[PDB]
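Data file: my_file-v1.cif. Format and content: mmCIF, N, CA and C atoms.
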data_entry
loop_
_atom_site.label_atom_id
_atom_site.label_comp_id
_atom_site.auth_asym_id
_atom_site.auth_seq_id
_atom_site.Cartn_x
_atom_site.Cartn_y
_atom_site.Cartn_z
N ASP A 1 103.05 53.93 90.16
CA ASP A 1 103.67 54.98 90.97
C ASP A 1 102.71 55.83 91.81
N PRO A 2 101.56 56.35 91.31
CA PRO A 2 100.81 57.30 92.15
C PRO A 2 100.05 56.70 93.32
N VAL A 3 99.72 55.41 93.31
CA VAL A 3 98.75 54.90 94.26
C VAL A 3 99.48 53.98 95.24
N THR A 4 100.77 54.26 95.46
CA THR A 4 101.56 53.42 96.37
C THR A 4 101.09 53.54 97.81
N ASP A 5 100.57 54.70 98.21
CA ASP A 5 100.11 54.88 99.58
C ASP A 5 98.86 54.06 99.85
N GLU A 6 97.85 54.19 98.99
CA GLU A 6 96.62 53.42 99.15
C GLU A 6 96.86 51.94 98.93
N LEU A 7 97.87 51.59 98.14
CA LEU A 7 98.25 50.19 98.01
C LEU A 7 98.93 49.66 99.26
N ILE A 8 99.75 50.49 99.93
CA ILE A 8 100.54 50.02 101.06
C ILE A 8 99.78 50.15 102.37
N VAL A 9 98.56 50.68 102.34
CA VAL A 9 97.64 50.54 103.48
C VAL A 9 97.48 49.07 103.86
N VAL A 10 97.33 48.20 102.86
CA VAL A 10 96.97 46.81 103.12
C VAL A 10 98.20 45.96 103.39
N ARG A 11 99.15 45.96 102.45
CA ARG A 11 100.22 44.96 102.46
C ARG A 11 101.20 45.19 103.60
N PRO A 12 101.45 44.18 104.43
CA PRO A 12 102.33 44.39 105.58
C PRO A 12 103.80 44.39 105.20
N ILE A 13 104.19 43.52 104.27
CA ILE A 13 105.59 43.44 103.89
C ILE A 13 105.89 44.33 102.70
N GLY A 14 105.18 44.16 101.59
CA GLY A 14 105.35 45.10 100.50
C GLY A 14 105.45 44.49 99.12
N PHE A 15 105.37 43.16 99.04
CA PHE A 15 105.32 42.41 97.78
C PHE A 15 106.57 42.67 96.91
N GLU A 16 107.69 42.13 97.38
CA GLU A 16 108.83 41.93 96.50
C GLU A 16 109.04 40.43 96.30
N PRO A 17 108.48 39.85 95.25
CA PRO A 17 108.46 38.38 95.14
C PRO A 17 109.77 37.77 94.68
N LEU A 18 110.50 38.45 93.79
CA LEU A 18 111.69 37.83 93.21
C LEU A 18 112.84 37.79 94.20
N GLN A 19 112.91 38.74 95.12
CA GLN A 19 113.92 38.64 96.17
C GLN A 19 113.55 37.56 97.17
N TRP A 20 112.25 37.30 97.35
CA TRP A 20 111.83 36.15 98.14
C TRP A 20 112.24 34.85 97.47
N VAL A 21 112.16 34.82 96.14
CA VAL A 21 112.61 33.66 95.37
C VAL A 21 114.11 33.46 95.54
N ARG A 22 114.88 34.55 95.48
CA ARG A 22 116.32 34.49 95.74
C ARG A 22 116.62 34.00 97.15
N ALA A 23 115.81 34.44 98.11
CA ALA A 23 115.98 34.03 99.50
C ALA A 23 115.72 32.54 99.68
N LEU A 24 114.65 32.04 99.06
CA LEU A 24 114.34 30.62 99.16
C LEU A 24 115.35 29.77 98.40
N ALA A 25 115.91 30.30 97.32
CA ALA A 25 116.95 29.59 96.59
C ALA A 25 118.24 29.51 97.40
N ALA A 26 118.62 30.62 98.04
CA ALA A 26 119.84 30.66 98.82
C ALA A 26 119.65 30.20 100.26
N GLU A 27 118.45 29.70 100.59
CA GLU A 27 118.08 29.20 101.92
C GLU A 27 118.24 30.31 102.97
N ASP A 28 117.40 31.31 102.80
CA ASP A 28 117.30 32.44 103.71
C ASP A 28 115.94 32.31 104.40
N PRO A 29 115.65 33.05 105.47
CA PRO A 29 114.29 33.00 106.03
C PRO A 29 113.26 33.57 105.06
N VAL A 30 112.08 32.97 105.11
CA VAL A 30 111.01 33.18 104.14
C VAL A 30 109.92 33.98 104.85
N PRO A 31 109.15 34.82 104.15
CA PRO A 31 107.96 35.41 104.76
C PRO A 31 106.95 34.35 105.17
N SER A 32 106.21 34.65 106.23
CA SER A 32 105.38 33.64 106.87
C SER A 32 104.12 33.36 106.05
N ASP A 33 103.35 32.38 106.53
CA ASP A 33 102.27 31.83 105.72
C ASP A 33 101.10 32.79 105.62
N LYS A 34 100.80 33.53 106.69
CA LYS A 34 99.73 34.53 106.63
C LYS A 34 100.07 35.65 105.66
N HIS A 35 101.29 36.18 105.77
CA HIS A 35 101.76 37.23 104.88
C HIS A 35 102.00 36.74 103.46
N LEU A 36 102.01 35.44 103.22
CA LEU A 36 101.97 34.95 101.85
C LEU A 36 100.56 34.71 101.35
N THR A 37 99.66 34.25 102.21
CA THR A 37 98.34 33.84 101.74
C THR A 37 97.33 34.98 101.73
N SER A 38 97.70 36.16 102.22
CA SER A 38 96.84 37.33 102.05
C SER A 38 96.68 37.66 100.57
N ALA A 39 95.55 38.27 100.23
CA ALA A 39 95.13 38.34 98.83
C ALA A 39 96.00 39.27 98.01
N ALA A 40 96.40 40.40 98.60
CA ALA A 40 97.16 41.42 97.88
C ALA A 40 98.53 40.95 97.44
N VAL A 41 99.06 39.90 98.06
CA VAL A 41 100.29 39.28 97.59
C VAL A 41 100.05 37.91 96.97
N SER A 42 98.89 37.29 97.19
CA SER A 42 98.67 35.99 96.58
C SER A 42 98.22 36.14 95.14
N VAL A 43 97.15 36.90 94.91
CA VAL A 43 96.58 37.03 93.57
C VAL A 43 97.52 37.69 92.56
N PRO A 44 98.56 38.48 92.90
CA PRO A 44 99.59 38.71 91.89
C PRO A 44 100.62 37.61 91.83
N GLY A 45 100.85 36.90 92.94
CA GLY A 45 101.86 35.86 92.95
C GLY A 45 101.50 34.68 92.07
N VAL A 46 100.23 34.27 92.10
CA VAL A 46 99.81 33.18 91.23
C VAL A 46 99.79 33.62 89.77
N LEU A 47 99.49 34.90 89.49
CA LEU A 47 99.54 35.38 88.12
C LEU A 47 100.96 35.40 87.60
N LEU A 48 101.91 35.85 88.42
CA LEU A 48 103.31 35.82 88.02
C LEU A 48 103.79 34.39 87.85
N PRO B 1 103.87 76.51 105.09
CA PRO B 1 103.12 77.77 105.05
C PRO B 1 101.63 77.56 104.84
N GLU B 2 100.90 77.65 105.95
CA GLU B 2 99.43 77.70 105.99
C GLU B 2 98.78 76.50 105.30
N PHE B 3 99.13 75.30 105.76
CA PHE B 3 98.33 74.13 105.42
C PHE B 3 98.07 73.31 106.67
N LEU B 4 98.96 73.42 107.64
CA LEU B 4 98.61 73.02 108.99
C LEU B 4 97.52 73.95 109.51
N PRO B 5 96.60 73.44 110.35
CA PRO B 5 95.44 74.25 110.73
C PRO B 5 95.82 75.41 111.64
N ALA B 6 95.04 76.48 111.55
CA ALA B 6 95.37 77.72 112.23
C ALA B 6 95.16 77.58 113.74
N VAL B 7 95.98 78.31 114.48
CA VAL B 7 95.92 78.32 115.94
C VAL B 7 95.06 79.51 116.32
N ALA B 8 94.05 79.26 117.16
CA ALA B 8 93.22 80.31 117.70
C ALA B 8 93.93 81.00 118.86
N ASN B 9 93.13 81.70 119.67
CA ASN B 9 93.59 82.33 120.91
C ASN B 9 94.31 81.33 121.81
N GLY B 10 93.74 80.15 121.99
CA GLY B 10 94.46 79.08 122.65
C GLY B 10 94.41 77.76 121.91
N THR B 11 93.44 77.60 121.02
CA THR B 11 93.04 76.29 120.53
C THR B 11 93.48 76.09 119.08
N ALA B 12 93.27 74.88 118.59
CA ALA B 12 93.37 74.56 117.18
C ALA B 12 92.24 73.60 116.85
N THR B 13 91.45 73.93 115.83
CA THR B 13 90.22 73.22 115.54
C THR B 13 90.26 72.58 114.16
N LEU B 14 89.57 71.45 114.03
CA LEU B 14 89.41 70.78 112.75
C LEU B 14 88.02 70.19 112.66
N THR B 15 87.54 70.03 111.43
CA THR B 15 86.30 69.31 111.13
C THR B 15 86.63 68.22 110.12
N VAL B 16 86.42 66.97 110.52
CA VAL B 16 86.81 65.83 109.70
C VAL B 16 85.62 64.93 109.43
N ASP B 17 85.69 64.22 108.31
CA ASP B 17 84.66 63.28 107.90
C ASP B 17 85.01 61.91 108.46
N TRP B 18 84.08 61.30 109.19
CA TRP B 18 84.31 60.03 109.85
C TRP B 18 83.47 58.95 109.19
N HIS B 19 84.10 57.82 108.89
CA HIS B 19 83.47 56.64 108.33
C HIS B 19 83.78 55.43 109.20
N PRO B 20 82.81 54.55 109.44
CA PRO B 20 83.05 53.42 110.35
C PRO B 20 83.92 52.31 109.78
N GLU B 21 84.03 52.19 108.46
CA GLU B 21 84.83 51.13 107.85
C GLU B 21 86.33 51.41 107.94
N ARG B 22 86.69 52.67 108.17
CA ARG B 22 88.09 52.99 108.43
C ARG B 22 88.54 52.42 109.76
N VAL B 23 87.62 52.23 110.70
CA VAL B 23 87.96 51.53 111.93
C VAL B 23 88.28 50.07 111.64
N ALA B 24 87.57 49.48 110.67
CA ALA B 24 87.81 48.09 110.32
C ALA B 24 89.18 47.90 109.68
N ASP B 25 89.53 48.76 108.72
CA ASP B 25 90.87 48.55 108.16
C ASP B 25 91.97 49.14 109.03
N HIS B 26 91.62 49.88 110.09
CA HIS B 26 92.56 50.17 111.16
C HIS B 26 92.89 48.92 111.97
N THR B 27 91.85 48.21 112.41
CA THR B 27 92.05 47.01 113.21
C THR B 27 92.72 45.91 112.40
N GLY B 28 92.49 45.89 111.09
CA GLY B 28 93.18 44.92 110.25
C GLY B 28 94.67 45.14 110.17
N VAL B 29 95.12 46.38 110.36
CA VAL B 29 96.56 46.64 110.39
C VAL B 29 97.11 46.41 111.79
N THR B 30 96.38 46.84 112.81
CA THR B 30 96.90 46.75 114.17
C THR B 30 96.90 45.32 114.69
N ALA B 31 95.72 44.69 114.76
CA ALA B 31 95.58 43.40 115.42
C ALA B 31 96.14 42.31 114.53
N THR B 32 97.35 41.85 114.85
CA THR B 32 98.03 40.77 114.15
C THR B 32 98.38 39.67 115.14
N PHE B 33 97.39 39.27 115.92
CA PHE B 33 97.57 38.41 117.09
C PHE B 33 97.79 36.96 116.67
N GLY B 34 97.73 36.05 117.64
CA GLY B 34 97.95 34.64 117.40
C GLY B 34 96.75 33.93 116.82
N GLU B 35 96.65 32.64 117.10
CA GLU B 35 95.52 31.86 116.61
C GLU B 35 94.21 32.02 117.40
N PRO B 36 94.13 31.74 118.71
CA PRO B 36 92.81 31.45 119.30
C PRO B 36 91.91 32.66 119.48
N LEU B 37 92.46 33.87 119.42
CA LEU B 37 91.68 35.06 119.75
C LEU B 37 90.88 35.51 118.53
N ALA B 38 90.17 36.63 118.70
CA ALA B 38 89.39 37.23 117.63
C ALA B 38 89.17 38.68 118.01
N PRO B 39 89.19 39.62 117.07
CA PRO B 39 88.94 41.02 117.41
C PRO B 39 87.50 41.25 117.82
N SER B 40 87.29 42.35 118.54
CA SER B 40 85.97 42.67 119.05
C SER B 40 85.05 43.16 117.93
N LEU B 41 83.78 43.29 118.27
CA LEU B 41 82.78 43.80 117.34
C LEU B 41 82.54 45.28 117.52
N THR B 42 82.60 45.77 118.75
CA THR B 42 82.48 47.20 118.98
C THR B 42 83.78 47.90 118.61
N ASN B 43 83.69 49.21 118.45
CA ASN B 43 84.86 49.97 118.04
C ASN B 43 85.75 50.25 119.25
N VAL B 44 87.04 50.41 118.98
CA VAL B 44 88.05 50.52 120.02
C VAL B 44 88.28 52.02 120.21
N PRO B 45 88.63 52.51 121.40
CA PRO B 45 88.80 53.96 121.57
C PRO B 45 90.03 54.53 120.90
N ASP B 46 90.98 53.71 120.46
CA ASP B 46 92.08 54.22 119.66
C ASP B 46 91.76 54.18 118.17
N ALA B 47 90.62 54.76 117.82
CA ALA B 47 90.30 55.04 116.44
C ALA B 47 89.94 56.49 116.20
N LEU B 48 89.54 57.22 117.23
CA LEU B 48 89.33 58.65 117.13
C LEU B 48 90.64 59.42 117.08
N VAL B 49 91.75 58.81 117.52
CA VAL B 49 93.05 59.46 117.47
C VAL B 49 93.59 59.59 116.06
#

Here is a file; write its structure as structure tokens.
Amino acid sequence: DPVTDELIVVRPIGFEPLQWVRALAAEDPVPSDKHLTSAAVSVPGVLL
Amino acid sequence: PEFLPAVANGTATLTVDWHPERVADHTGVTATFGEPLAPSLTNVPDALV
């Protein structure tokens, strides 16, 4: 909760992965490859 | 109440700490261009703003 501002300096979309999973399951548009392969969303995504 | 800086006779003044790496993570947010280009090495004038 407290460090959301300094966290959101970096991330362009905001890292909601499970709704992206719902989108890919229901065949919705997906976030692009750069916004997926950036580190702040990749290194938690592979851990999850 | 008194956290915005005070207004003088005509002016409003501030003293701020400037770091050059904040220009780098400024350009990382702004410049989201295509493939073939690349950002510059010198600093851009829209960083003092």

Which polymer residues have any atom within 12 Å of an atom of residue B:23, counting only C-alpha atoms, with same-chain residues fewer than 6 positions away left out, as a ChimeraX atom specification? /B:29-31,39-49

Could you tell me which residues the PyMOL selection byres ((chain A and name CA) within 12 of (chain B and name CA)) grabs in this file, written as a PyMOL selection string? chain A and resi 6+8-13+34-35+38

What does the file look like for those residues with N, CA and C atoms, as a PDB file, in the frame of the given file?
ATOM      1  N   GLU A   6      97.850  54.190  98.990  1.00  0.00           N
ATOM      2  CA  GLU A   6      96.620  53.420  99.150  1.00  0.00           C
ATOM      3  C   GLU A   6      96.860  51.940  98.930  1.00  0.00           C
ATOM      4  N   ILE A   8      99.750  50.490  99.930  1.00  0.00           N
ATOM      5  CA  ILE A   8     100.540  50.020 101.060  1.00  0.00           C
ATOM      6  C   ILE A   8      99.780  50.150 102.370  1.00  0.00           C
ATOM      7  N   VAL A   9      98.560  50.680 102.340  1.00  0.00           N
ATOM      8  CA  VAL A   9      97.640  50.540 103.480  1.00  0.00           C
ATOM      9  C   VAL A   9      97.480  49.070 103.860  1.00  0.00           C
ATOM     10  N   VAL A  10      97.330  48.200 102.860  1.00  0.00           N
ATOM     11  CA  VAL A  10      96.970  46.810 103.120  1.00  0.00           C
ATOM     12  C   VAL A  10      98.200  45.960 103.390  1.00  0.00           C
ATOM     13  N   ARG A  11      99.150  45.960 102.450  1.00  0.00           N
ATOM     14  CA  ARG A  11     100.220  44.960 102.460  1.00  0.00           C
ATOM     15  C   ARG A  11     101.200  45.190 103.600  1.00  0.00           C
ATOM     16  N   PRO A  12     101.450  44.180 104.430  1.00  0.00           N
ATOM     17  CA  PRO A  12     102.330  44.390 105.580  1.00  0.00           C
ATOM     18  C   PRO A  12     103.800  44.390 105.200  1.00  0.00           C
ATOM     19  N   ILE A  13     104.190  43.520 104.270  1.00  0.00           N
ATOM     20  CA  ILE A  13     105.590  43.440 103.890  1.00  0.00           C
ATOM     21  C   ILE A  13     105.890  44.330 102.700  1.00  0.00           C
ATOM     22  N   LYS A  34     100.800  33.530 106.690  1.00  0.00           N
ATOM     23  CA  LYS A  34      99.730  34.530 106.630  1.00  0.00           C
ATOM     24  C   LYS A  34     100.070  35.650 105.660  1.00  0.00           C
ATOM     25  N   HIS A  35     101.290  36.180 105.770  1.00  0.00           N
ATOM     26  CA  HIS A  35     101.760  37.230 104.880  1.00  0.00           C
ATOM     27  C   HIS A  35     102.000  36.740 103.460  1.00  0.00           C
ATOM     28  N   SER A  38      97.700  36.160 102.220  1.00  0.00           N
ATOM     29  CA  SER A  38      96.840  37.330 102.050  1.00  0.00           C
ATOM     30  C   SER A  38      96.680  37.660 100.570  1.00  0.00           C
TER      31      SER A  38
END

One-decimal distance in Å that lies between atom C of residue B:35 and atom C of residue A:44: 26.9 Å

Computed interatomic separation between atom CA of residue A:4 and atom N of residue A:16 (Å):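 About the pair atom CA of residue A:4 and atom N of residue A:16: they are 12.9 Å apart.
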
Which of chain B fall in helix (DSSP H, G or I), as a ChimeraX atom specification: /B:21-30

To one decimal in Å, tell me the separation between atom CA of residue A:40 and atom CA of residue B:16. 29.0 Å
